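First, one chain by itself in structure tokens, the form deposited in one PDB entry.
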């Protein structure tokens, strides 16, 4: 019979996955557009499968609590409720214990998003002061980085983030961006998203450099037969320069 339609889990995240602007409500895959949809289109052709896009119910990428329980996109793969995770899913050692990743299709690092025209120049200045609140998206890889850090400054920053019942954390990037714009708040964010936001919000800027270096990969359940095929597909898109064209399509624009 025809090849089974694969279930792709993802999360609304600009410019990776976005609702296509329309008056008439849209249904199925046509609801979405973005870098990851274009990536899913190319992978779909190379491997030869249809796909059905489903958003993660809790809107989280995935972290494990003190009870060892995962949530978010990672948990969807563990429980075999999705065949692939085509999203900016950060490749992390802790995540590699419970799911598989393709080779990375994009590189990034943690950095700080904040308003322009301030004397804040680093995470040290941010952790050393009191006026400015700061945090990260809840139950993402950036939160996990600070939660697990063994570095003194980042340990203090996590203690600050987890205080007052984690009020410094935000539900998602969009909520975090709005918090930066409307309050005295700095968002610990991955550099690829900062590049997108700062070009379209010329009053914001990146503070300091990268405090780590990671990559995004396609997530699959352990033992998935598609992992190696997906990796081969990513490599083909690199030699063809397609991944570069996709980046420019959804990021490149007029600078501030």
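Residue numbers count along the first chain shown, from 1.
The same protein has a further form, the form deposited in another entry, not shown here; the description that follows concerns it.
Where the chain switches from one rigid part to the other between this form and the one not shown, the hinge residue selected from 71, 59, 33, 107 is 107. In contrast to the form presented, in the other entry the C-alpha positions of residue 41 and residue 24 draw closer by 3 Å or more. The distance between the CA atoms of residue 245 and residue 207 is at least 3 Å shorter in the other entry than in the form shown here.
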